[PDB]
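Descriptive analysis of the structure
If you want the building blocks of each chain, they are given just below.
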Amino acid sequence: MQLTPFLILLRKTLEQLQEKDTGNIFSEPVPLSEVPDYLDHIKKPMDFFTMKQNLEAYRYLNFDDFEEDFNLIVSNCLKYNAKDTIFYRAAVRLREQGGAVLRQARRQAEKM
Ligand SMILES: CCOC(=O)c1ccc2c(c1)NC(=O)[C@@H](C)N2
């Protein structure tokens, strides 16, 4: 397991996950200016831009740490937003579509 091919794969996987976020509602931190009470019960906010920064800082050296932050994007959104909102359903769909992306990516990593 070499570092450079692995990060190439995480970069490709991150792009495939962002592609599932057609609304771009997960690509940047939740704007605290518009959601001022957001950090009341969300102890670790997460988004795809932050994941890209963490990736390039070598903070993802295994698949599970990368997948954990993706799951955080999903779980934070399910936690904060009511079930009858667009945001909540978008997180459900991201969980479903992103899960398929991640399983295939992990198979490619397990070949390495
Ligand atoms: C510009 C104002 O838009 C929002 O209020 C807003 C913008 C982005 C958001 C969000 C709210 N809440 C979330 O849970 C996730 C989906 N991101």
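As summarised from the PDB record, the model derives from X-ray crystallography at a stated resolution of 1.750 Å.

The protein is annotated in the PDB entry as Peregrin from Homo sapiens. In the PDB, the structure is listed with the title "Crystal structure of the human BRPF1 bromodomain in complex with SEED17".

1. Looking at helix 2 (residues 48–56)
Burial in helix 2 covers these residues: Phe48, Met51, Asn54 and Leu55. All buried residues of helix 2 lie within an arc of 115° about the axis, which places them on one face of the element. Along its buried surface, helix 2 packs onto helix 1 (3–20), helix 3 (63–80) and helix 4 (86–111). Where helix 2 begins, the capping side chain belongs to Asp47, and its oxygen is found 2.8 Å from the backbone nitrogen of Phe49. One or two positions beyond helix 2, positive phi appears at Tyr58, with a value near 65°.

Reading the values: rules and limits
- Residues numbered from 1 in each chain as written, not as in the entry; some residues may be left out.
- Heavy atoms only, no water.
- Residues with missing side-chain atoms left out of burial classes, pairs and counts.
- Buried < 20%, exposed > 50% of the residue type's maximum accessible area, 1.4 Å probe, protein only.
- Helix = DSSP H or I, 4+ residues; strand = E, 2+ residues; numbered from the N terminus.
- Arc of directions from axis to C-beta.
- Contact = heavy atoms within 4.5 Å.
- Polar contact = N/O pair within 3.5 Å; in protein donor to acceptor, adjacent residues only side chain to side chain.

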